[PDB]
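Colleague: Provided herewith is a single structure, encoded as C-alpha cells, for subsequent inquiry.
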Amino acid sequence: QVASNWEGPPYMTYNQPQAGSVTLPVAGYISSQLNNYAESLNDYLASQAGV
Amino acid sequence: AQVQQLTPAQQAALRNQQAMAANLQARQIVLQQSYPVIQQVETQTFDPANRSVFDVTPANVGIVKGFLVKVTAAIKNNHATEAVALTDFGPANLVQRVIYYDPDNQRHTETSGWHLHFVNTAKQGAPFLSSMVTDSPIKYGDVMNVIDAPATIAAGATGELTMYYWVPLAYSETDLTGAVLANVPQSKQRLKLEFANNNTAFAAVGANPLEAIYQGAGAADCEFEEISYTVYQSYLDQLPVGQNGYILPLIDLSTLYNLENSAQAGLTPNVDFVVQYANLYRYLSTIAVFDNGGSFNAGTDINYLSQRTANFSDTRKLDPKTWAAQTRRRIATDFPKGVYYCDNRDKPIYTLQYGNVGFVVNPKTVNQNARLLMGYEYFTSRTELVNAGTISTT
Amino acid sequence: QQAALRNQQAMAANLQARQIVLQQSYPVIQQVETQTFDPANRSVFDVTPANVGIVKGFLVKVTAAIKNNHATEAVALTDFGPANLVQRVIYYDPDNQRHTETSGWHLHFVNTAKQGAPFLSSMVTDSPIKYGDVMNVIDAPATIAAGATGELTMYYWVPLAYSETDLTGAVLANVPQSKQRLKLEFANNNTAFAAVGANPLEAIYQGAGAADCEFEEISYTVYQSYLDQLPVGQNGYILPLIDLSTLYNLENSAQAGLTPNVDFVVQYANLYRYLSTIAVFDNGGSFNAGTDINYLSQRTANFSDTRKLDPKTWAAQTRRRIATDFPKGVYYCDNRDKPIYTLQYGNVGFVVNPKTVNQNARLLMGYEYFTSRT
Amino acid sequence: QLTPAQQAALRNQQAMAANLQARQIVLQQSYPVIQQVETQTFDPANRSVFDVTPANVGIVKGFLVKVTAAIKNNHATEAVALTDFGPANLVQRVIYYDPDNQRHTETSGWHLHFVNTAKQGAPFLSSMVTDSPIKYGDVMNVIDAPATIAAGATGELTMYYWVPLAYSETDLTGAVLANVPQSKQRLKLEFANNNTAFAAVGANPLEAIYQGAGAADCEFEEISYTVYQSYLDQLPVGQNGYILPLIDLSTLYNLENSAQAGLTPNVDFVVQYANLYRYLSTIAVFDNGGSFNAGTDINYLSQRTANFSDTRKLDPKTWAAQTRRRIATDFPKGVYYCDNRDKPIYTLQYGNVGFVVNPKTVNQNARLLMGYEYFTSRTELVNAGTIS
Amino acid sequence: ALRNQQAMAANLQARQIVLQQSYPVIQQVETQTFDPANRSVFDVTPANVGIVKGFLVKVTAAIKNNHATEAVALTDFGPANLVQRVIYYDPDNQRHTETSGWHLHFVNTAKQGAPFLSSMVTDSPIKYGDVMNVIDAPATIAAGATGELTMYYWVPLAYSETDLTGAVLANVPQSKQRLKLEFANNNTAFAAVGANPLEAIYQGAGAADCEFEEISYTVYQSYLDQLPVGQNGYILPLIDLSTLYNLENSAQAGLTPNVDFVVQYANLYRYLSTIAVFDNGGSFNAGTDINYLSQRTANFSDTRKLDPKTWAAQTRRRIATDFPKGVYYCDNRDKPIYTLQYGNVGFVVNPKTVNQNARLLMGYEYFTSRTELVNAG
C-alpha cells in the first residue's frame, strides 16, 4: 500500500508548500502548457482522493 | 566507571540508538520549517484579599516552548511613621508557586518564584532582564524598567513593582527537549499560578524574609492594591506535516524538563549534611539556599560546599569564596546572600541508584530553625510517544 | 525537487572554501586616510580605500572640538549624543554597487546589537584593579558651559562581512579598475546644536545656548580591516564564491502619517532577507519611554501577528540580546535566528500602534539584511 | 609520494586528524575534578617563596590560587592608597614545571591576571553592576581590596589566579598527562613581602600594592594561600590502551614575560618575537620611568613583519578600541593588549615578526615590560631535495 | 554457582602462596614537624612496592597552656583527635578510607580485642607496664605548663595479617598512592566550658590561651615484597586485591524523644561493623539518654533490640572493656550486613532525652567490589 500521489492526509497537506520551495510556481504556466495543465489537475485530485 | 556511576558511553547504551537518530532528524525538520510566534493568551487584574490562585488556560497552538509571565503590583504602606524596605529576593517573590500540566495531564514544572528567577538568571549568563551600567555617553541603561521595584516605601506612599518570569518547557531555542505538542482540539493543559497575599509578602522585623517582598517596622499595615498579570505563550507555528501527520521528535516531546524544589532540615555544626540526588533523573543544576533561621549570611557560616559521589568521594569541595568564584564565571556576578549554585550541564547527574550522588553543606554555626532550600533542574522521561490519528471526514 | 540538492552542494563547497580563507590568510588593519577640517567650509568627504585582498569592514574614528560662545547659558548632551557626529555613511563596491547607506545613529545601534553590549563601552565592575574608563574610546562631556570647549570622540564600525567567523557580505577588492568608495557626511554648525523646543534627533548638544555653539575642528581617521595573503591554487584564487556574491546592507528611512489608535504598517521588501529592525518613534521632537505606543508587532500578509507585545514586553526581548535598553523612543526587533525573507512566507510588515501622535511626528526605520541573486 | 617533505606532510595530516578525534573522545568521556592540594598561612617577614607539589592524577588542566592577606598601616597620621595593579601584585611570580623539567609558565603577578581577563571577556572574577532590584552584586567579595588603609587601620585582601596548563575547557592543548608513573611536578610561588608591596610617594608603583605617604610603616600581618588542582579523571580506554590526544599533550601552552629598555622619543622601538613559537597574545606595559599615562606618551603601537610592513599600526586610542571589542573594558593605565588568537604570530610563515612602539615622551629609566602567551611544540625539520 | 566456588577456591589457594612466600616489610615513608598555625593538611606520597597492607601513623604533639590561672583537662576522645581526617588513595586514584581520627582509633580497638597499643595493669613484680609511652597524653595541663602527646594510628588496607582481602597491589603501571592527612589546629583541639568536646583534645576554662607548639608525624608503610612468580606471572589473589576494605563516617540528625530514629544502611556494601556516637548536644552520657538500640530489617523484625546496658554487655564480650561515653559499637563480622535492594536493613536508636543540636555520628567499615573488573589483565 503506497500511492504515487499521496502527500499525507489531504486536510493537513493541501495548503502546505513543499520542502525547498522558495517561490512556488503555478501548475500550468494555448499561451502555455495545456496537457501539462490537465495532468497537474488530475495529479492534485488523485492526492485528495487516495488513488 | 571511576567518577560517575554511568560513564556517558555506557549510559548511551541504555538508550535506543535507532530511535534517537530518527529523533534528531525530526527535530531539525521542525526547526527548519516552523516559525517562532509569541502571543498574549491571558490577562487579569485582581485584588489578592479575595483571590490569589489562578488557573490560566493557554492556547492550543503548535509546539509550545515556554511562557512569559509579566506581573505588575501596587503596594500601599498605610503606616503612621514607619517605612519598609525591600528584601533580598524582592520582586521575585510576587509569584509564590507556578505549576504547569501538559496536554497529557503530566506535571512539568512546580516551584516558587525565587527559584524560577534564579534558573532564568543561570541560563542567560547574567541577571535576568537587567541592564548593566556602562560609561557610554549615549543614553543606554534603565529606560524602560523591565524588572523594577522601589527600594523603600515610606510611611503613606505607594510603590509599583514589575517582574517577569520565563516558565521553560523546552530547554533552549535549539534543543526542543521538554516541549509539548498542543495542536489539538482540546487538551488537559493548564498553568496554575499562586500569587503573593497580604500575609506572605510583608514580614515584620525579626521574621524570616524568604517568601516576603518588603520587610520593615511598618509591615503590619502594608497592603496590596492590584496584582495585574499577563501571560505570553511562545510556540512554533506551521508544523511540517509529512505523511501520517505531524513530523515530530518523539523522544523530545516525551521527555520532561522539570524544575522541582524542596526543603531539607536537620543540620548540625561542623559535620557534613548530605542531600541525596534522586534516582533516574538527569540533573542539570542545583540551587541551595541556606536559610539559617531567618538570617542569610554571605558565606560566613559554611566551612565548605561539595558535591559527593559514592565511589570517588569528592568531585568538588571548595571554600564559600571558591564556590562563589566558579559562579562568577557563569553568571558574571554572584547570587544573593545565602544562595549557592552548582552547574552540571556538560556532565549531567544520572546515577541509577538513589543516594549515589549527593550535595554537601558543612556548616559552622547553625541556628534553631535552620534548613536548606534545594531547587533542582533536570530531565526525566516516563512515557513513550507513538504516532497519532487523523480525521478523514466522510 | 532535484534543484535543492545542487544549491546545498554549492553551499557545502562554499563553506569548505570559507574555512580555507579564514584559516590560511592574514588579518590586516591599516589606516587608509586621515584628515582634519573645519565644518563651516565643507563637511562631506570621500575616502578612497585600499584595493587589496578581501575587505571586511572599516573603523572610523571621529573627534571634535565643540566650543560654546554664549554669554551665560550652557548646553547639554542629547540622548543620541556623539553618535550624531557622522550624519551619513555610504559605501560603494569595486563594481560601484552601493552596499550600506545608513545614518550615524543607526550605524551605532547595529554596532550595539551585533556585540551584545553598548559599542566600545566599559562596563562598571566591582573590581579593585583599576579597569574601566581609562582611555576614553567613546567620550563626550555631559555639559558645555558658556565659554568652555568640549572634546568629543566616537568610533564607528562600518561592516561588510557579517562577523569575523562568517565571511558573508565581504568584498573582494583585488579587481583591476576598482571603484571602491566610502562617502562620509559630518555634522556642520546647523545640524548638531538644537535650541530648547527643537527636535534633538540629529543634534549632539541641546540647550539655551545652542545659538552660539560652533565647531572648532572635526578630524576623522579611517582604518580598513581586510584579509591579505589569500590562498592561490592551480586554477587561481580559492574563494568563498557565494559569500562574496552576497551583500550585507544597512539602510534607514523615514515614514510619516501616524494616527492615534490606528495600526501603521511598514512593509518589508520582497527581495531582501531582513536580519534586524530598528524603529525610532520621533513624536514631534519628543521622545518617550513607551508611554505613547499601544503595541508593536510584526504582522504577516493575512492578518496574523507574530510578536504583538506591550512596549515593556518588547523591551524585555531586547534585554536578552544587548543586555541593556536602547535610548527612549528606540525599539529593536531581532530576527537573526530566522530572517524575514518575505518571499517564501507572504508579505510581512512592521506595525506600530501609537497612543499619542503630535504634529510632524515620524517613524524612522533602520534595516539590516542580506541580498544576493539566487 | 617518495619525497620526505610531502611524506611528512601526509603523516602530519593523519596525526592531526587522529589527535582531534581522540580529544573529543576525552572531553566527552572524562569528568572534571577540582580538589585542594595545599593550604598554608605564613608571615612575609620570615619567608615569602613557596613551592607546591600537585598531585599526579589524570590530565591536569590548571591551578586556582586563592591568596588572602592582611595589611596594617602603622603610621601615626598618614594613609595609603591602592595602585593601578592593586591586589594582583600579591603574587610576584608564578613558575610551573613539568614532570619532565619543561617550564610552562613564568608570569609575574599582574601578567597572569591580565591573561585571565583577556580569556574571559571581562575583568577576571568580577561582578557587573546592574539595575536589578534583586540583590545581586558583590556579595562574597571574591576579589576584594580596600581602596584606602588609614593610619592605624587594617585591610583584608583577596585575590584569585588561574594558572593555565590546558588552553581552554574545550581545547586540551598544553595539558599535562599525569596518570603514568613519572617524576613529580613543581609549582613555585613567590609572594609579595614588606619590601615590594608598599611604595613611597614618587617610587615606581609597578609591583606594589599600596602607595602613599605612610608606606614606610605599613607591613603585612598574614598571607594565606590555597591551591586547587583542576584535572580530568575517568579517562576513556580503547583496545590499545588509553585514548589520548597525542600532540595536544606534547604541546606546551606557555606564559613568559620579559622586558626591554633603550627607548628614544619619536624613534621606533622594536621588540622582536625571538623563538619559533606560535604567539597568541602580547601585553605591553609602558613603564615611563615610574609614570603611567593613558596613551598620551605613545605616538603609535604596531606590529611589523620581515619586509618592514606594518600589519597593524594604530593610534593608542585605536589600539584600545580593539581591546574594548574583546574584554568589554579598558586595561589599566599603561597596559596595551594585542590579540592574535585567530592567526597566531609564527616567524616561519611570513618571516620575522616584531612589536613596535613609537614613544612621544620618554622619562629617565623608562622601559617596556612585555608579556607573551604562546604555543610550543616539537619543530620537525625535514630536508627538501638538495643537502648542498 | 560453581563458577563462584571454583573462582573463590583459586583465590584462596593463591592467597596462601602469597602469605607463605612473601616477606613483610615495614619502612618509613615520611617524617615532618610543623606549626599548626601555619599548615594543617599534609599529603604523603609513598612508593609503589609490592602488596600494600596498611600504614602506621605516629603523631607527636606539644600543647602549651598560656592561661594565667585556669587549667584544661582531657576530653574522652583525647589524643585520638590529633588526626582529624585521613584519606587514602589508590594508584588508580580510587578512594579507600575516608574517615575521621576518632573513628579510625575505635576500629583499631575493635580489631585487636583491647584498647589499641595499650598496656594492661598486672600484678607482676617485674616492671612491665607503661615503660615506653606508645600512646600517651597528660590528664591536665596547668596554667603555664606544657604537655607532650603521643598517639599511633593504623590505617588499614588489608583486613588482617592472614586475610589479604582489601589489600592494594602497588606493582601496577598507573601512578603513586596518596595518603592525605588533616591534623588538629588551634581552632579544633581546644574547647571552652560548655562547648562541644567531640573533636577537641583538651577542654576547660583555660582553652582560650592553649596553643600548639609543634606537631610531628611519621608515616610507615607495611607491604609484602618478595612476591612469588609462577609459570605465567605473579601468583596473586584476584578477588582479594579487587576488593576494597573501607572505613567511612557519617552524621544524622533530627531526633525526638521516645521515637525510633532509624539510620538506614544505604550503599550495597558488606557492612562489617557500625559505630554510633550519640552526641546529645555536646553532652555524652553513659546510656542514660537512650531507651534501646536495635537493627531492624524492613520495619519488620528486630534482630538485636537491647537496652544500652545489654548492648554494652555484648561489647565487653568483644573488646574486653567499654568504649567511652556515648560510643556504641555493633559487631557484624561473622554475618555481614548485605542489603541487596536500597532500603533493606536499618539501625535504630530510641532516645530518651534530646537536646538542641543533637545528632548521631555513624561510622562504618565494609567490604565492596570496585569497577574495571578485569582481575589483572
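Chain labels run A, B, ... following the order of the C-alpha cells; each chain numbers its residues from 1, and ligands are numbered from 1 in the order shown.
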Range 83-126 of chain E near range 303-314 of chain B within 12 Å: what's each residue's closest atom pair and its distance in Å to one decimal, counting only C-alpha atoms, ordered by chain then ascending residue number, as CSV?

Modeller:
```
residue,atom,partner,partner_atom,distance
E:87,CA,B:313,CA,10.1
E:88,CA,B:313,CA,11.3
E:89,CA,B:312,CA,9.5
E:90,CA,B:312,CA,10.6
E:92,CA,B:312,CA,10.7
E:93,CA,B:312,CA,8.1
E:94,CA,B:312,CA,6.1
E:95,CA,B:312,CA,5.8
E:96,CA,B:311,CA,8.8
E:97,CA,B:313,CA,10.1
E:98,CA,B:313,CA,8.2
E:99,CA,B:313,CA,11.4
```

Colleague: Counting only C-alpha atoms, which residues in chain B sit no more than 10 Å from chain E? For each one, give the nearest pair of atoms and the distance in Å, sorted by chain then residue number, as a Markdown table.

Modeller:
```
| residue | atom | partner | partner_atom | distance |
| --- | --- | --- | --- | --- |
| B:1 | CA | E:371 | CA | 6.2 |
| B:2 | CA | E:371 | CA | 7.2 |
| B:3 | CA | E:94 | CA | 9.0 |
| B:5 | CA | E:371 | CA | 9.7 |
| B:265 | CA | E:254 | CA | 7.9 |
| B:266 | CA | E:253 | CA | 5.2 |
| B:267 | CA | E:253 | CA | 6.8 |
| B:268 | CA | E:357 | CA | 5.7 |
| B:269 | CA | E:357 | CA | 7.9 |
| B:270 | CA | E:199 | CA | 9.7 |
| B:271 | CA | E:251 | CA | 6.7 |
| B:272 | CA | E:251 | CA | 6.8 |
| B:273 | CA | E:251 | CA | 7.4 |
| B:274 | CA | E:251 | CA | 8.9 |
| B:310 | CA | E:267 | CA | 7.8 |
| B:311 | CA | E:95 | CA | 7.2 |
| B:312 | CA | E:95 | CA | 5.8 |
| B:313 | CA | E:95 | CA | 6.9 |
| B:314 | CA | E:95 | CA | 9.5 |
| B:353 | CA | E:342 | CA | 7.9 |
| B:354 | CA | E:342 | CA | 7.6 |
| B:355 | CA | E:266 | CA | 7.5 |
| B:356 | CA | E:267 | CA | 7.7 |
| B:366 | CA | E:357 | CA | 8.4 |
| B:367 | CA | E:357 | CA | 9.1 |
| B:368 | CA | E:356 | CA | 8.0 |
```

Colleague: Residues of the last selection are to be written out with C-alpha atoms, as a PDB file, in the first residue's frame.

Modeller:
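And here's result-v8.pdb as it stands now:
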```
ATOM      1  CA  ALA B   1      33.412   3.926  35.646  1.00  0.00           C
ATOM      2  CA  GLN B   2      35.717   5.791  38.008  1.00  0.00           C
ATOM      3  CA  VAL B   3      33.948   9.030  38.943  1.00  0.00           C
ATOM      4  CA  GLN B   5      28.163   5.916  38.125  1.00  0.00           C
ATOM      5  CA  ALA B 265      16.230  20.011  57.506  1.00  0.00           C
ATOM      6  CA  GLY B 266      18.481  18.507  60.147  1.00  0.00           C
ATOM      7  CA  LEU B 267      21.750  20.447  60.085  1.00  0.00           C
ATOM      8  CA  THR B 268      24.278  20.362  62.928  1.00  0.00           C
ATOM      9  CA  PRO B 269      27.526  22.372  63.116  1.00  0.00           C
ATOM     10  CA  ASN B 270      30.879  21.138  61.764  1.00  0.00           C
ATOM     11  CA  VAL B 271      29.635  17.899  60.171  1.00  0.00           C
ATOM     12  CA  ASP B 272      28.582  17.045  56.640  1.00  0.00           C
ATOM     13  CA  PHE B 273      24.904  17.441  55.747  1.00  0.00           C
ATOM     14  CA  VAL B 274      24.324  15.434  52.573  1.00  0.00           C
ATOM     15  CA  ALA B 310      29.643   7.045  46.442  1.00  0.00           C
ATOM     16  CA  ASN B 311      32.850   5.830  44.850  1.00  0.00           C
ATOM     17  CA  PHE B 312      35.313   8.670  44.124  1.00  0.00           C
ATOM     18  CA  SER B 313      34.144  10.653  47.168  1.00  0.00           C
ATOM     19  CA  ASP B 314      34.523  14.396  46.487  1.00  0.00           C
ATOM     20  CA  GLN B 353      20.762   4.219  42.330  1.00  0.00           C
ATOM     21  CA  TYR B 354      19.295   6.551  44.906  1.00  0.00           C
ATOM     22  CA  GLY B 355      21.898   8.130  47.130  1.00  0.00           C
ATOM     23  CA  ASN B 356      24.874   7.648  44.845  1.00  0.00           C
ATOM     24  CA  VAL B 366      23.574  26.638  62.945  1.00  0.00           C
ATOM     25  CA  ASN B 367      20.590  28.445  64.458  1.00  0.00           C
ATOM     26  CA  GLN B 368      17.349  26.848  65.636  1.00  0.00           C
TER      27      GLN B 368
END
```

Colleague: Just list as JSON, numbers by chain whatever in chain A DSSP marks as helix (DSSP H, G or I).

Modeller: {"A": [10, 11, 12, 13, 35, 36, 37, 38, 39, 40, 41, 42, 43, 44, 45, 46, 47, 48, 49]}

Colleague: Pick out the residues sitting within 9 Å of residue 295 in chain D, and hand them over as a PyMOL selection string; count only C-alpha atoms, and ignore anything fewer than 5 positions along from it in its own chain.

Modeller: (chain C and resi 135) or (chain D and resi 300+315-317+320+333-334)

Colleague: Could you make a table, as a Markdown table, of the residues of chain C that have an atom within 7 Å of an atom of chain A, each with its nearest atom pair and distance in Å to one decimal, counting only C-alpha atoms, in chain and number order?

Modeller:
```
| residue | atom | partner | partner_atom | distance |
| --- | --- | --- | --- | --- |
| C:4 | CA | A:20 | CA | 6.1 |
| C:343 | CA | A:23 | CA | 6.8 |
| C:344 | CA | A:22 | CA | 4.9 |
```

Colleague: Limited to N, CA, C and O atoms, could you put the picked residues into a file as a compact mmCIF listing (two decimals), in the first residue's frame?

Modeller:
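Dumped everything to part02.txt:
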```
# COMPACT_ATOMS: atom_id res chain seq x y z
N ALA C 4 17.14 21.40 -5.27
CA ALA C 4 17.53 21.75 -3.91
C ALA C 4 18.72 20.94 -3.42
O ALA C 4 19.15 21.13 -2.28
N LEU C 343 9.58 36.49 0.93
CA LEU C 343 9.36 35.93 -0.39
C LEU C 343 8.99 34.46 -0.33
O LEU C 343 8.33 33.97 -1.25
N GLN C 344 9.37 33.75 0.74
CA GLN C 344 8.95 32.38 0.95
C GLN C 344 7.87 32.23 2.01
O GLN C 344 7.31 31.14 2.14
```

Colleague: Write out as a PyMOL selection string each polymer residue whose atoms come within 10 Å of residue 53 in chain E, counting only C-alpha atoms; drop sequence neighbours fewer than 2 positions from it.

Modeller: chain E and resi 24-26+50-51+55+155-161+164-169+221-224

Colleague: So that I have them on file, write out the residues from the current selection with N, CA, C and O atoms, as a PDB file, in the first residue's frame.

Modeller:
```pdb
ATOM      1  N   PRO E  24      57.213  -9.708  54.946  1.00  0.00           N
ATOM      2  CA  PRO E  24      56.652  -8.434  55.411  1.00  0.00           C
ATOM      3  C   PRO E  24      57.737  -7.399  55.672  1.00  0.00           C
ATOM      4  O   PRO E  24      58.697  -7.653  56.403  1.00  0.00           O
ATOM      5  N   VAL E  25      57.580  -6.227  55.065  1.00  0.00           N
ATOM      6  CA  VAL E  25      58.487  -5.099  55.238  1.00  0.00           C
ATOM      7  C   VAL E  25      57.698  -3.947  55.829  1.00  0.00           C
ATOM      8  O   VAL E  25      56.582  -3.664  55.384  1.00  0.00           O
ATOM      9  N   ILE E  26      58.266  -3.283  56.828  1.00  0.00           N
ATOM     10  CA  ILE E  26      57.740  -2.012  57.304  1.00  0.00           C
ATOM     11  C   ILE E  26      58.861  -0.981  57.244  1.00  0.00           C
ATOM     12  O   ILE E  26      59.928  -1.173  57.836  1.00  0.00           O
ATOM     13  N   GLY E  50      55.247  -3.720  45.986  1.00  0.00           N
ATOM     14  CA  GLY E  50      54.668  -4.966  46.465  1.00  0.00           C
ATOM     15  C   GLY E  50      53.159  -4.935  46.606  1.00  0.00           C
ATOM     16  O   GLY E  50      52.434  -4.367  45.783  1.00  0.00           O
ATOM     17  N   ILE E  51      52.681  -5.577  47.663  1.00  0.00           N
ATOM     18  CA  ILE E  51      51.273  -5.591  48.029  1.00  0.00           C
ATOM     19  C   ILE E  51      51.153  -4.833  49.339  1.00  0.00           C
ATOM     20  O   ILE E  51      51.606  -5.311  50.383  1.00  0.00           O
ATOM     21  N   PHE E  55      49.185   1.370  56.793  1.00  0.00           N
ATOM     22  CA  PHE E  55      50.059   2.473  57.160  1.00  0.00           C
ATOM     23  C   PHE E  55      49.994   2.709  58.657  1.00  0.00           C
ATOM     24  O   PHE E  55      48.908   2.737  59.239  1.00  0.00           O
ATOM     25  N   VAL E 155      46.220   2.832  59.672  1.00  0.00           N
ATOM     26  CA  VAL E 155      45.332   2.967  58.524  1.00  0.00           C
ATOM     27  C   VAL E 155      45.312   1.620  57.809  1.00  0.00           C
ATOM     28  O   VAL E 155      46.345   1.215  57.263  1.00  0.00           O
ATOM     29  N   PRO E 156      44.194   0.899  57.805  1.00  0.00           N
ATOM     30  CA  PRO E 156      44.196  -0.443  57.222  1.00  0.00           C
ATOM     31  C   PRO E 156      43.839  -0.451  55.748  1.00  0.00           C
ATOM     32  O   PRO E 156      42.988   0.302  55.276  1.00  0.00           O
ATOM     33  N   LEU E 157      44.519  -1.317  55.008  1.00  0.00           N
ATOM     34  CA  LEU E 157      44.111  -1.648  53.654  1.00  0.00           C
ATOM     35  C   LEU E 157      43.649  -3.093  53.570  1.00  0.00           C
ATOM     36  O   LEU E 157      42.488  -3.348  53.254  1.00  0.00           O
ATOM     37  N   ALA E 158      44.515  -4.044  53.899  1.00  0.00           N
ATOM     38  CA  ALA E 158      44.072  -5.416  54.060  1.00  0.00           C
ATOM     39  C   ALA E 158      43.288  -5.550  55.357  1.00  0.00           C
ATOM     40  O   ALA E 158      43.429  -4.747  56.283  1.00  0.00           O
ATOM     41  N   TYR E 159      42.442  -6.577  55.411  1.00  0.00           N
ATOM     42  CA  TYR E 159      41.595  -6.775  56.580  1.00  0.00           C
ATOM     43  C   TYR E 159      42.417  -7.200  57.789  1.00  0.00           C
ATOM     44  O   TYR E 159      42.384  -6.548  58.837  1.00  0.00           O
ATOM     45  N   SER E 160      43.175  -8.283  57.658  1.00  0.00           N
ATOM     46  CA  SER E 160      44.012  -8.775  58.738  1.00  0.00           C
ATOM     47  C   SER E 160      45.329  -9.257  58.152  1.00  0.00           C
ATOM     48  O   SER E 160      45.543  -9.214  56.938  1.00  0.00           O
ATOM     49  N   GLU E 161      46.218  -9.728  59.024  1.00  0.00           N
ATOM     50  CA  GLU E 161      47.521 -10.216  58.592  1.00  0.00           C
ATOM     51  C   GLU E 161      47.461 -11.594  57.957  1.00  0.00           C
ATOM     52  O   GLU E 161      48.460 -12.032  57.379  1.00  0.00           O
ATOM     53  N   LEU E 164      44.082 -11.287  53.087  1.00  0.00           N
ATOM     54  CA  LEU E 164      44.553 -10.232  52.205  1.00  0.00           C
ATOM     55  C   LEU E 164      43.429  -9.526  51.465  1.00  0.00           C
ATOM     56  O   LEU E 164      43.700  -8.823  50.489  1.00  0.00           O
ATOM     57  N   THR E 165      42.185  -9.705  51.893  1.00  0.00           N
ATOM     58  CA  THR E 165      41.064  -9.002  51.292  1.00  0.00           C
ATOM     59  C   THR E 165      41.141  -7.528  51.651  1.00  0.00           C
ATOM     60  O   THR E 165      41.187  -7.172  52.830  1.00  0.00           O
ATOM     61  N   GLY E 166      41.169  -6.676  50.636  1.00  0.00           N
ATOM     62  CA  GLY E 166      41.277  -5.248  50.827  1.00  0.00           C
ATOM     63  C   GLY E 166      42.625  -4.673  50.469  1.00  0.00           C
ATOM     64  O   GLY E 166      42.746  -3.447  50.370  1.00  0.00           O
ATOM     65  N   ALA E 167      43.633  -5.511  50.266  1.00  0.00           N
ATOM     66  CA  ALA E 167      44.984  -5.037  50.028  1.00  0.00           C
ATOM     67  C   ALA E 167      45.127  -4.475  48.619  1.00  0.00           C
ATOM     68  O   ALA E 167      44.393  -4.830  47.698  1.00  0.00           O
ATOM     69  N   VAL E 168      46.102  -3.589  48.462  1.00  0.00           N
ATOM     70  CA  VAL E 168      46.362  -2.890  47.211  1.00  0.00           C
ATOM     71  C   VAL E 168      47.603  -3.491  46.568  1.00  0.00           C
ATOM     72  O   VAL E 168      48.650  -3.603  47.213  1.00  0.00           O
ATOM     73  N   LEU E 169      47.486  -3.881  45.303  1.00  0.00           N
ATOM     74  CA  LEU E 169      48.634  -4.319  44.513  1.00  0.00           C
ATOM     75  C   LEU E 169      49.288  -3.083  43.912  1.00  0.00           C
ATOM     76  O   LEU E 169      48.838  -2.563  42.890  1.00  0.00           O
ATOM     77  N   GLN E 221      55.027   2.269  56.182  1.00  0.00           N
ATOM     78  CA  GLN E 221      54.274   1.527  55.181  1.00  0.00           C
ATOM     79  C   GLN E 221      54.560   0.046  55.338  1.00  0.00           C
ATOM     80  O   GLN E 221      55.705  -0.386  55.189  1.00  0.00           O
ATOM     81  N   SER E 222      53.523  -0.727  55.626  1.00  0.00           N
ATOM     82  CA  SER E 222      53.624  -2.175  55.718  1.00  0.00           C
ATOM     83  C   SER E 222      53.230  -2.770  54.378  1.00  0.00           C
ATOM     84  O   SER E 222      52.100  -2.587  53.925  1.00  0.00           O
ATOM     85  N   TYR E 223      54.157  -3.473  53.742  1.00  0.00           N
ATOM     86  CA  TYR E 223      53.878  -4.099  52.465  1.00  0.00           C
ATOM     87  C   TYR E 223      54.546  -5.462  52.419  1.00  0.00           C
ATOM     88  O   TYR E 223      55.361  -5.810  53.273  1.00  0.00           O
ATOM     89  N   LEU E 224      54.183  -6.235  51.408  1.00  0.00           N
ATOM     90  CA  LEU E 224      54.716  -7.571  51.183  1.00  0.00           C
ATOM     91  C   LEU E 224      55.577  -7.528  49.932  1.00  0.00           C
ATOM     92  O   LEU E 224      55.055  -7.494  48.816  1.00  0.00           O
TER      93      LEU E 224
END
```

Colleague: Please indicate the distance in Å from CA of residue 123 in chain E to CA of residue 317 in chain E, rounded to one decimal place.

Modeller: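 The value is 22.8 Å.
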
Colleague: Skip range 151-159 of chain C itself and residues of its chain fewer than 4 positions away, then list as a PyMOL selection string all residues within 6 Å of it, counting only C-alpha atoms.

Modeller: chain C and resi 57-65+138-140

Colleague: List as a list in words the protein and nucleic acid residues near range 76-83 of chain B, meaning an atom at most 8 Å away when only C-alpha atoms are counted, but skip any in the same chain fewer than 6 places from it.

Modeller: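 Listing them by chain and then by number gives residues 152, 153, 154, 155, 156, 157, 158, 159, 216, 217, 218, 219, 221, 222, 223, 224 and 225 of chain B.
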
Colleague: Residues near residue 138 in chain B, anyone? I mean within 10 Å using only C-alpha atoms, not counting same-chain ones fewer than 2 positions away, as a PyMOL selection string.

Modeller: (chain B and resi 134-136+140-141) or (chain C and resi 77-83+105+108+118-119+121+138-140+326-327)

Colleague: Give me, as a ChimeraX atom specification, the residues of chain B touching chain A, with the criterion being at most 6 Å (counting only C-alpha atoms).

Modeller: /B:242-244

Colleague: If you keep N, CA and C atoms, can you produce a file of those selected residues as a short mmCIF file (atom, residue, chain, number, x, y, z; two decimals), in the first residue's frame?

Modeller:
```cif
data_model
loop_
_atom_site.label_atom_id
_atom_site.label_comp_id
_atom_site.auth_asym_id
_atom_site.auth_seq_id
_atom_site.Cartn_x
_atom_site.Cartn_y
_atom_site.Cartn_z
N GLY B 242 4.15 15.79 7.17
CA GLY B 242 4.58 14.91 6.11
C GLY B 242 3.53 13.85 5.90
N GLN B 243 3.94 12.64 5.55
CA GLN B 243 2.99 11.54 5.58
C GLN B 243 2.69 11.17 7.03
N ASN B 244 1.51 10.58 7.22
CA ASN B 244 0.87 10.24 8.52
C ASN B 244 1.06 11.32 9.59
#
```

Colleague: Dump as a Markdown table the rows for residues of chain D within 8 Å of chain B: closest atom pair and distance in Å with one decimal, only C-alpha atoms counted, ordered by chain and rising residue number.

Modeller:
```
| residue | atom | partner | partner_atom | distance |
| --- | --- | --- | --- | --- |
| D:28 | CA | B:8 | CA | 7.4 |
| D:29 | CA | B:8 | CA | 6.0 |
| D:31 | CA | B:3 | CA | 6.9 |
| D:32 | CA | B:315 | CA | 7.7 |
| D:33 | CA | B:315 | CA | 5.1 |
| D:34 | CA | B:316 | CA | 5.2 |
| D:35 | CA | B:316 | CA | 6.0 |
| D:36 | CA | B:317 | CA | 7.7 |
| D:66 | CA | B:322 | CA | 7.8 |
| D:125 | CA | B:328 | CA | 5.6 |
| D:126 | CA | B:333 | CA | 6.7 |
| D:127 | CA | B:333 | CA | 4.1 |
| D:128 | CA | B:333 | CA | 6.1 |
| D:129 | CA | B:132 | CA | 5.8 |
| D:130 | CA | B:132 | CA | 4.2 |
| D:131 | CA | B:131 | CA | 5.5 |
| D:132 | CA | B:130 | CA | 5.5 |
| D:133 | CA | B:149 | CA | 6.1 |
| D:134 | CA | B:89 | CA | 5.4 |
| D:135 | CA | B:88 | CA | 5.1 |
| D:136 | CA | B:336 | CA | 5.1 |
| D:137 | CA | B:333 | CA | 5.9 |
| D:138 | CA | B:334 | CA | 6.9 |
| D:139 | CA | B:298 | CA | 6.1 |
| D:140 | CA | B:298 | CA | 5.7 |
| D:141 | CA | B:321 | CA | 7.5 |
| D:142 | CA | B:321 | CA | 5.8 |
| D:233 | CA | B:3 | CA | 7.1 |
| D:234 | CA | B:2 | CA | 5.1 |
```
